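There is one chain below, alone, in structure tokens, taken in the form deposited in one PDB entry.
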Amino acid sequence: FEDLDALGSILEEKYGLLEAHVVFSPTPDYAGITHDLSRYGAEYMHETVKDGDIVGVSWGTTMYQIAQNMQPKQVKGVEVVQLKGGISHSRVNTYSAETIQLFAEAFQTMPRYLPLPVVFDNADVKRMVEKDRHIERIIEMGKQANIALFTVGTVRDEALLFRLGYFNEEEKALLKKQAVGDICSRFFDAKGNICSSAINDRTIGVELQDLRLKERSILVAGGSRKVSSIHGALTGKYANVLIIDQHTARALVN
């Protein structure tokens, strides 16, 4: 038995967080953890979002589970914006559109989509694509967002970001060796530093340093497979609110 409050305050002081929410999940398996964290993430969002908020959302399996658990809230003037594009160049679907739809619906608004892949083949195309005024507006809304909600990814073989046709096998091998994970599809190492300036320069979406400026940058993540990823993310100070299970919390404190 962990005093979840004790673990929370330890994480808060260790990583300089505004809030650490240690959620009880009875078993250490990833599915079970994720389910419990997604549930509390949805409750936290419902409690937190208020009139006039600009809310940035990520995508992926965690974010879709949170979305699926969202319940409506009577708020006015809320904007919900996609923080990174979710277009795939493979048959694999990110469900980014469905995820943001569910969040926007909860908050009585319509989704502000970012209708792009997150990674492009080269920095020249990225720079030409990002200059489209519609894209610029969406990226600027992502910067304005006072609330950002995301997870951290892994570099496992079946990592979603390795299945979307973005990367060649040399790049995947590099990331598997040199990154611990991604936030919004930007890859960092164990110290939170950007792994590859070249790959980062091919990416359209919220910049990691911009997350540090927000009223709430909320990281929802847990499981043994994400311990190192979370540690990197927190070391980089990319989130000020952490929603985590007690197994993973203990692993980080230890």
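Throughout, we count residues from 1 along the sequence that is shown. Take the two forms, find the largest set of C-alpha atoms that superpose within 1.5 Å, and that set is the rigid core.
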Comparing 236 to 244 with 11 to 19, the one whose average Cα B-factor in the PDB entry is higher: 11 to 19
Mean C-alpha B-factor comparison - 48 to 56 and 221 to 229, higher one: 48 to 56
Residue set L149, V78, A173, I138, per-entry CA B-factor max assigned to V78
Highest Cα temperature factor in the entry, among the options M63, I194, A31, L37: which one is it? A31
What third of the chain, by the recorded C-alpha B-factor, contains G181? lowest
Ranked C-alpha temperature factor of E215 among modelled chain residues, by third: highest
Test of reading the entry: by CA B factor among the chain's modelled residues, which third contains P72? highest
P26's Cα B-factor: lowest, middle or highest third of the chain? highest
Modelled-residue ranking by C-alpha temperature factor, third containing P111: highest
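Keep in mind the form deposited in another entry is missing from the figure; the text below concerns it.
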Core-aligned between this form and the one not shown, the sole member of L102, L160, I138, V155 showing a Cα shift of 2 Å or more is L160
Quick check: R91 between this form and the one not shown - does its CA shift reach 2 Å or more after fitting the rigid core? yes
Core-superposed C-alpha of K172 shifting 2 Å or more between this form and the one not shown: yes
Since the Cα separation of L160 and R39 moves by 3 Å or more in that other deposited form, tell me which way: closer or farther than here. farther
